[PDB]
Amino acid sequence: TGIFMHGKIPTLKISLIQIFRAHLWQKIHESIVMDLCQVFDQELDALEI
RNA sequence: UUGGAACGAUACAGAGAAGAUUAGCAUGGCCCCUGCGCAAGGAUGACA
């Protein structure tokens with residue numbers, strides 16, 4: 001994740017590991033990348049792309 | 001070609017959660033009830 005731990009809060013570390021399991025950060029980034037691709041793919045002949 | 005480092009580096013993976021999870025029936029315990037067997041035992045009905 002991109003979460004920076006300011007001190008060893010072990011309970012918070014475990015919670016954030018459970019919340020961002022199965023590579024959720026990469027999946028979120030990829031999904032937003034795909035969404036921007038589609039929103040820019042639709043308007044390619046109007047934005048002169 | 002030949003040496004550092006090897007409690008390191010990188011590669012993969014990363015849920016570092018929490019657990020002997022859970023549905024059915026039968027057995028077993030208890031109290032009846034019903035049927036049959038076994039061993040005995042009660043009370044009672046019946047003329048020429």
# chains A, B, ... in the order shown; residues from 1 in each chain; ligands from 1
$ interface_residues --of "chain B" --to "chain A" --cutoff "10 Å" --atoms "only C-alpha atoms (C1' of nucleotides)" --output "PyMOL selection string"
chain B and resi 14-17
$ write_last_selection --atoms "C-alpha atoms (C1' of nucleotides)" --output "PDB file, in the first residue's frame"
ATOM      1  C1'   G B  14       1.938 -11.784   1.032  1.00  0.00           C
ATOM      2  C1'   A B  15      -5.429 -12.436   5.158  1.00  0.00           C
ATOM      3  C1'   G B  16       0.680 -10.944   9.568  1.00  0.00           C
ATOM      4  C1'   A B  17      -7.576 -12.271  10.319  1.00  0.00           C
TER       5        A B  17
END
$ select_by_dssp --residues "chain A" --states "alpha helix (DSSP H)" --output "VMD selection string"
chain A and resid 10 to 19 24 to 42
$ write_last_selection --atoms "N, CA and C atoms" --output "CSV table (one decimal), in the first residue's frame"
chain,number,residue,atom,x,y,z
A,10,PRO,N,0.5,-1.9,16.0
A,10,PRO,CA,0.3,-3.2,15.4
A,10,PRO,C,-1.1,-3.5,15.1
A,11,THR,N,-2.1,-3.1,15.9
A,11,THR,CA,-3.5,-3.3,15.6
A,11,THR,C,-3.9,-2.6,14.3
A,12,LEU,N,-3.4,-1.3,14.1
A,12,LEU,CA,-3.7,-0.6,12.9
A,12,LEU,C,-3.0,-1.2,11.7
A,13,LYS,N,-1.8,-1.8,11.9
A,13,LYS,CA,-1.1,-2.4,10.8
A,13,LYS,C,-1.8,-3.7,10.4
A,14,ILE,N,-2.3,-4.5,11.3
A,14,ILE,CA,-3.1,-5.7,10.9
A,14,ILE,C,-4.4,-5.3,10.2
A,15,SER,N,-5.1,-4.2,10.8
A,15,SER,CA,-6.3,-3.8,10.1
A,15,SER,C,-6.1,-3.3,8.7
A,16,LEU,N,-5.0,-2.5,8.5
A,16,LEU,CA,-4.8,-2.0,7.2
A,16,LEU,C,-4.3,-3.1,6.2
A,17,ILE,N,-3.6,-4.1,6.7
A,17,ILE,CA,-3.3,-5.3,5.9
A,17,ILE,C,-4.5,-6.0,5.5
A,18,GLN,N,-5.5,-6.2,6.4
A,18,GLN,CA,-6.7,-6.9,6.1
A,18,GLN,C,-7.5,-6.1,5.1
A,19,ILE,N,-7.6,-4.8,5.3
A,19,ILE,CA,-8.4,-3.9,4.4
A,19,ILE,C,-7.9,-3.9,3.0
A,24,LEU,N,-5.1,-4.7,-3.2
A,24,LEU,CA,-6.2,-3.8,-3.5
A,24,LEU,C,-5.7,-2.5,-4.0
A,25,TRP,N,-4.5,-2.0,-3.6
A,25,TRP,CA,-4.0,-0.8,-4.1
A,25,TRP,C,-3.7,-0.8,-5.6
A,26,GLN,N,-3.1,-1.8,-6.1
A,26,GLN,CA,-2.8,-2.0,-7.5
A,26,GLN,C,-4.1,-2.1,-8.3
A,27,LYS,N,-5.1,-2.8,-7.7
A,27,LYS,CA,-6.4,-3.0,-8.4
A,27,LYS,C,-7.1,-1.7,-8.5
A,28,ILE,N,-7.1,-0.9,-7.4
A,28,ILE,CA,-7.7,0.4,-7.5
A,28,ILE,C,-7.1,1.3,-8.5
A,29,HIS,N,-5.7,1.3,-8.5
A,29,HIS,CA,-5.0,2.1,-9.5
A,29,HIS,C,-5.4,1.7,-11.0
A,30,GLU,N,-5.4,0.3,-11.2
A,30,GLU,CA,-5.7,-0.2,-12.5
A,30,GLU,C,-7.1,0.1,-12.9
A,31,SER,N,-8.1,0.1,-12.0
A,31,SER,CA,-9.5,0.4,-12.3
A,31,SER,C,-9.6,1.8,-12.6
A,32,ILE,N,-9.0,2.7,-11.9
A,32,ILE,CA,-9.1,4.2,-12.2
A,32,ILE,C,-8.4,4.4,-13.6
A,33,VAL,N,-7.3,3.7,-13.9
A,33,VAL,CA,-6.6,3.9,-15.2
A,33,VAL,C,-7.6,3.5,-16.3
A,34,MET,N,-8.2,2.3,-16.1
A,34,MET,CA,-9.2,1.9,-17.1
A,34,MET,C,-10.3,2.9,-17.3
A,35,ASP,N,-10.8,3.4,-16.2
A,35,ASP,CA,-11.9,4.4,-16.3
A,35,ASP,C,-11.5,5.6,-17.0
A,36,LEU,N,-10.3,6.1,-16.8
A,36,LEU,CA,-9.8,7.3,-17.5
A,36,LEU,C,-9.6,6.9,-19.0
A,37,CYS,N,-9.2,5.7,-19.3
A,37,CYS,CA,-9.0,5.3,-20.7
A,37,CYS,C,-10.4,5.3,-21.4
A,38,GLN,N,-11.4,4.7,-20.7
A,38,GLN,CA,-12.7,4.7,-21.4
A,38,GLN,C,-13.3,6.1,-21.5
A,39,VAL,N,-13.2,7.0,-20.5
A,39,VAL,CA,-13.7,8.3,-20.6
A,39,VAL,C,-13.0,9.1,-21.6
A,40,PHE,N,-11.7,8.8,-21.9
A,40,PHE,CA,-11.0,9.5,-22.9
A,40,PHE,C,-11.1,8.8,-24.3
A,41,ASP,N,-11.4,7.5,-24.3
A,41,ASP,CA,-11.6,6.8,-25.6
A,41,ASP,C,-12.9,7.2,-26.2
A,42,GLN,N,-13.9,7.6,-25.4
A,42,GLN,CA,-15.2,8.0,-26.0
A,42,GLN,C,-15.1,9.3,-26.8
$ atom_distance --atom1 "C1' of residue 13 in chain B" --atom2 "CA of residue 2 in chain A"
18.9 Å
$ decode --residues "range 5-27 of chain B" --atoms "N, CA, C and O atoms (P, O5', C5', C4', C3', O3' and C1' of nucleotides)" --output "PDB file, in the first residue's frame"
ATOM      1  P     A B   5      32.871  -8.706   3.075  1.00  0.00           P
ATOM      2  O5'   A B   5      31.436  -8.116   2.717  1.00  0.00           O
ATOM      3  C5'   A B   5      30.309  -8.396   3.537  1.00  0.00           C
ATOM      4  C4'   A B   5      29.063  -8.599   2.713  1.00  0.00           C
ATOM      5  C3'   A B   5      28.190  -9.781   3.111  1.00  0.00           C
ATOM      6  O3'   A B   5      27.332  -9.494   4.200  1.00  0.00           O
ATOM      7  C1'   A B   5      28.533  -9.813   0.777  1.00  0.00           C
ATOM      8  P     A B   6      27.276 -10.483   5.466  1.00  0.00           P
ATOM      9  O5'   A B   6      26.548 -11.787   4.911  1.00  0.00           O
ATOM     10  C5'   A B   6      25.182 -11.750   4.522  1.00  0.00           C
ATOM     11  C4'   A B   6      24.816 -12.948   3.682  1.00  0.00           C
ATOM     12  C3'   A B   6      24.989 -14.305   4.345  1.00  0.00           C
ATOM     13  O3'   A B   6      23.902 -14.653   5.185  1.00  0.00           O
ATOM     14  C1'   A B   6      25.966 -14.354   2.198  1.00  0.00           C
ATOM     15  P     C B   7      24.166 -15.153   6.688  1.00  0.00           P
ATOM     16  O5'   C B   7      23.120 -14.326   7.556  1.00  0.00           O
ATOM     17  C5'   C B   7      21.721 -14.565   7.440  1.00  0.00           C
ATOM     18  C4'   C B   7      20.910 -13.537   8.190  1.00  0.00           C
ATOM     19  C3'   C B   7      21.187 -12.083   7.814  1.00  0.00           C
ATOM     20  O3'   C B   7      19.983 -11.330   7.943  1.00  0.00           O
ATOM     21  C1'   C B   7      21.641 -12.399  10.106  1.00  0.00           C
ATOM     22  P     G B   8      19.055 -11.048   6.663  1.00  0.00           P
ATOM     23  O5'   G B   8      20.037 -10.343   5.627  1.00  0.00           O
ATOM     24  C5'   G B   8      20.634  -9.091   5.924  1.00  0.00           C
ATOM     25  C4'   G B   8      21.470  -8.595   4.773  1.00  0.00           C
ATOM     26  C3'   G B   8      20.711  -8.278   3.497  1.00  0.00           C
ATOM     27  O3'   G B   8      20.098  -7.001   3.528  1.00  0.00           O
ATOM     28  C1'   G B   8      22.607  -9.581   2.976  1.00  0.00           C
ATOM     29  P     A B   9      18.917  -6.648   2.500  1.00  0.00           P
ATOM     30  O5'   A B   9      19.686  -6.221   1.172  1.00  0.00           O
ATOM     31  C5'   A B   9      19.032  -6.242  -0.085  1.00  0.00           C
ATOM     32  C4'   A B   9      19.847  -6.981  -1.116  1.00  0.00           C
ATOM     33  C3'   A B   9      19.084  -7.462  -2.339  1.00  0.00           C
ATOM     34  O3'   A B   9      18.930  -6.448  -3.315  1.00  0.00           O
ATOM     35  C1'   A B   9      20.438  -9.215  -1.502  1.00  0.00           C
ATOM     36  P     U B  10      17.623  -5.514  -3.319  1.00  0.00           P
ATOM     37  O5'   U B  10      16.971  -5.782  -4.745  1.00  0.00           O
ATOM     38  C5'   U B  10      15.909  -6.710  -4.894  1.00  0.00           C
ATOM     39  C4'   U B  10      16.349  -7.944  -5.637  1.00  0.00           C
ATOM     40  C3'   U B  10      15.231  -8.868  -6.088  1.00  0.00           C
ATOM     41  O3'   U B  10      14.610  -8.438  -7.285  1.00  0.00           O
ATOM     42  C1'   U B  10      16.907 -10.141  -5.027  1.00  0.00           C
ATOM     43  P     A B  11      13.014  -8.269  -7.343  1.00  0.00           P
ATOM     44  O5'   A B  11      12.489  -9.742  -7.638  1.00  0.00           O
ATOM     45  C5'   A B  11      12.839 -10.405  -8.842  1.00  0.00           C
ATOM     46  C4'   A B  11      12.392 -11.843  -8.829  1.00  0.00           C
ATOM     47  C3'   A B  11      10.991 -12.097  -8.296  1.00  0.00           C
ATOM     48  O3'   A B  11       9.980 -11.836  -9.252  1.00  0.00           O
ATOM     49  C1'   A B  11      12.492 -13.630  -7.315  1.00  0.00           C
ATOM     50  P     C B  12       8.605 -11.136  -8.801  1.00  0.00           P
ATOM     51  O5'   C B  12       7.733 -12.343  -8.240  1.00  0.00           O
ATOM     52  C5'   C B  12       7.553 -13.525  -9.004  1.00  0.00           C
ATOM     53  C4'   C B  12       7.145 -14.683  -8.132  1.00  0.00           C
ATOM     54  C3'   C B  12       5.968 -14.430  -7.205  1.00  0.00           C
ATOM     55  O3'   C B  12       4.715 -14.541  -7.855  1.00  0.00           O
ATOM     56  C1'   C B  12       7.710 -15.451  -5.990  1.00  0.00           C
ATOM     57  P     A B  13       3.594 -13.412  -7.636  1.00  0.00           P
ATOM     58  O5'   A B  13       2.994 -13.744  -6.201  1.00  0.00           O
ATOM     59  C5'   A B  13       2.451 -15.026  -5.918  1.00  0.00           C
ATOM     60  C4'   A B  13       2.496 -15.329  -4.442  1.00  0.00           C
ATOM     61  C3'   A B  13       1.806 -14.324  -3.533  1.00  0.00           C
ATOM     62  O3'   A B  13       0.402 -14.492  -3.471  1.00  0.00           O
ATOM     63  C1'   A B  13       3.944 -14.790  -2.678  1.00  0.00           C
ATOM     64  P     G B  14      -0.554 -13.205  -3.381  1.00  0.00           P
ATOM     65  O5'   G B  14      -0.351 -12.680  -1.892  1.00  0.00           O
ATOM     66  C5'   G B  14      -0.626 -13.520  -0.781  1.00  0.00           C
ATOM     67  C4'   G B  14       0.010 -12.994   0.479  1.00  0.00           C
ATOM     68  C3'   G B  14      -0.414 -11.600   0.908  1.00  0.00           C
ATOM     69  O3'   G B  14      -1.652 -11.592   1.596  1.00  0.00           O
ATOM     70  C1'   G B  14       1.938 -11.784   1.032  1.00  0.00           C
ATOM     71  P     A B  15      -2.871 -10.693   1.065  1.00  0.00           P
ATOM     72  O5'   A B  15      -3.883 -10.662   2.295  1.00  0.00           O
ATOM     73  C5'   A B  15      -3.514 -10.052   3.527  1.00  0.00           C
ATOM     74  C4'   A B  15      -3.630 -11.012   4.686  1.00  0.00           C
ATOM     75  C3'   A B  15      -3.193 -12.447   4.395  1.00  0.00           C
ATOM     76  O3'   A B  15      -2.545 -12.988   5.542  1.00  0.00           O
ATOM     77  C1'   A B  15      -5.429 -12.436   5.158  1.00  0.00           C
ATOM     78  P     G B  16      -1.105 -13.683   5.398  1.00  0.00           P
ATOM     79  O5'   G B  16      -0.218 -12.953   6.499  1.00  0.00           O
ATOM     80  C5'   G B  16       0.475 -13.704   7.488  1.00  0.00           C
ATOM     81  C4'   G B  16       0.260 -13.142   8.873  1.00  0.00           C
ATOM     82  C3'   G B  16      -1.082 -12.447   9.103  1.00  0.00           C
ATOM     83  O3'   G B  16      -1.525 -12.713  10.432  1.00  0.00           O
ATOM     84  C1'   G B  16       0.680 -10.944   9.568  1.00  0.00           C
ATOM     85  P     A B  17      -2.544 -13.923  10.717  1.00  0.00           P
ATOM     86  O5'   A B  17      -3.974 -13.226  10.729  1.00  0.00           O
ATOM     87  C5'   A B  17      -4.227 -12.096  11.551  1.00  0.00           C
ATOM     88  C4'   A B  17      -5.703 -11.817  11.655  1.00  0.00           C
ATOM     89  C3'   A B  17      -6.528 -12.889  12.348  1.00  0.00           C
ATOM     90  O3'   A B  17      -6.495 -12.766  13.758  1.00  0.00           O
ATOM     91  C1'   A B  17      -7.576 -12.271  10.319  1.00  0.00           C
ATOM     92  P     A B  18      -5.693 -13.835  14.652  1.00  0.00           P
ATOM     93  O5'   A B  18      -6.796 -14.919  15.022  1.00  0.00           O
ATOM     94  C5'   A B  18      -8.020 -14.529  15.623  1.00  0.00           C
ATOM     95  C4'   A B  18      -9.179 -15.321  15.076  1.00  0.00           C
ATOM     96  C3'   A B  18      -9.045 -16.832  15.145  1.00  0.00           C
ATOM     97  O3'   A B  18      -9.346 -17.356  16.425  1.00  0.00           O
ATOM     98  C1'   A B  18      -9.820 -16.205  13.003  1.00  0.00           C
ATOM     99  P     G B  19      -8.200 -18.064  17.300  1.00  0.00           P
ATOM    100  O5'   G B  19      -7.572 -19.148  16.316  1.00  0.00           O
ATOM    101  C5'   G B  19      -8.035 -20.491  16.320  1.00  0.00           C
ATOM    102  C4'   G B  19      -9.439 -20.592  15.784  1.00  0.00           C
ATOM    103  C3'   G B  19     -10.102 -21.955  15.890  1.00  0.00           C
ATOM    104  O3'   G B  19     -10.628 -22.202  17.183  1.00  0.00           O
ATOM    105  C1'   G B  19     -10.496 -21.018  13.742  1.00  0.00           C
ATOM    106  P     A B  20     -10.291 -23.575  17.946  1.00  0.00           P
ATOM    107  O5'   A B  20     -11.330 -24.613  17.335  1.00  0.00           O
ATOM    108  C5'   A B  20     -11.157 -26.009  17.524  1.00  0.00           C
ATOM    109  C4'   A B  20     -11.171 -26.746  16.210  1.00  0.00           C
ATOM    110  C3'   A B  20     -12.360 -27.662  15.970  1.00  0.00           C
ATOM    111  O3'   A B  20     -13.505 -26.960  15.518  1.00  0.00           O
ATOM    112  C1'   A B  20     -10.346 -28.760  15.352  1.00  0.00           C
ATOM    113  P     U B  21     -14.977 -27.470  15.909  1.00  0.00           P
ATOM    114  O5'   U B  21     -15.933 -26.622  14.962  1.00  0.00           O
ATOM    115  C5'   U B  21     -15.849 -25.205  14.930  1.00  0.00           C
ATOM    116  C4'   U B  21     -16.194 -24.659  13.567  1.00  0.00           C
ATOM    117  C3'   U B  21     -17.570 -25.015  13.026  1.00  0.00           C
ATOM    118  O3'   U B  21     -18.598 -24.214  13.597  1.00  0.00           O
ATOM    119  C1'   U B  21     -15.950 -25.373  11.347  1.00  0.00           C
ATOM    120  P     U B  22     -19.953 -23.834  12.810  1.00  0.00           P
ATOM    121  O5'   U B  22     -20.337 -25.127  11.962  1.00  0.00           O
ATOM    122  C5'   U B  22     -20.790 -24.988  10.617  1.00  0.00           C
ATOM    123  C4'   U B  22     -21.832 -26.015  10.250  1.00  0.00           C
ATOM    124  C3'   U B  22     -22.762 -26.454  11.382  1.00  0.00           C
ATOM    125  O3'   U B  22     -24.050 -26.729  10.838  1.00  0.00           O
ATOM    126  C1'   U B  22     -21.683 -28.334  10.483  1.00  0.00           C
ATOM    127  P     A B  23     -25.145 -25.566  10.672  1.00  0.00           P
ATOM    128  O5'   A B  23     -26.443 -26.358  10.201  1.00  0.00           O
ATOM    129  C5'   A B  23     -26.773 -27.610  10.782  1.00  0.00           C
ATOM    130  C4'   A B  23     -27.056 -28.653   9.731  1.00  0.00           C
ATOM    131  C3'   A B  23     -27.661 -29.951  10.233  1.00  0.00           C
ATOM    132  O3'   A B  23     -29.050 -29.860  10.487  1.00  0.00           O
ATOM    133  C1'   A B  23     -25.897 -30.446   8.760  1.00  0.00           C
ATOM    134  P     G B  24     -29.708 -30.756  11.642  1.00  0.00           P
ATOM    135  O5'   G B  24     -29.802 -32.204  10.989  1.00  0.00           O
ATOM    136  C5'   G B  24     -30.493 -32.400   9.766  1.00  0.00           C
ATOM    137  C4'   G B  24     -30.401 -33.829   9.298  1.00  0.00           C
ATOM    138  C3'   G B  24     -30.621 -34.893  10.356  1.00  0.00           C
ATOM    139  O3'   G B  24     -31.987 -35.089  10.671  1.00  0.00           O
ATOM    140  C1'   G B  24     -28.746 -35.465   9.045  1.00  0.00           C
ATOM    141  P     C B  25     -32.418 -35.454  12.174  1.00  0.00           P
ATOM    142  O5'   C B  25     -32.140 -37.016  12.275  1.00  0.00           O
ATOM    143  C5'   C B  25     -32.721 -37.908  11.339  1.00  0.00           C
ATOM    144  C4'   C B  25     -31.980 -39.217  11.273  1.00  0.00           C
ATOM    145  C3'   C B  25     -31.856 -39.985  12.576  1.00  0.00           C
ATOM    146  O3'   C B  25     -33.031 -40.691  12.930  1.00  0.00           O
ATOM    147  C1'   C B  25     -29.763 -39.943  11.498  1.00  0.00           C
ATOM    148  P     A B  26     -33.372 -40.955  14.477  1.00  0.00           P
ATOM    149  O5'   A B  26     -32.407 -42.155  14.881  1.00  0.00           O
ATOM    150  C5'   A B  26     -32.376 -43.350  14.117  1.00  0.00           C
ATOM    151  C4'   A B  26     -31.105 -44.127  14.350  1.00  0.00           C
ATOM    152  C3'   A B  26     -30.858 -44.570  15.779  1.00  0.00           C
ATOM    153  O3'   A B  26     -31.575 -45.745  16.108  1.00  0.00           O
ATOM    154  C1'   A B  26     -28.891 -43.601  14.909  1.00  0.00           C
ATOM    155  P     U B  27     -31.695 -46.213  17.635  1.00  0.00           P
ATOM    156  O5'   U B  27     -30.297 -46.916  17.920  1.00  0.00           O
ATOM    157  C5'   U B  27     -29.913 -47.238  19.244  1.00  0.00           C
ATOM    158  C4'   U B  27     -28.463 -46.916  19.496  1.00  0.00           C
ATOM    159  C3'   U B  27     -28.106 -46.644  20.944  1.00  0.00           C
ATOM    160  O3'   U B  27     -27.950 -47.830  21.697  1.00  0.00           O
ATOM    161  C1'   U B  27     -27.143 -44.981  19.575  1.00  0.00           C
TER     162        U B  27
END
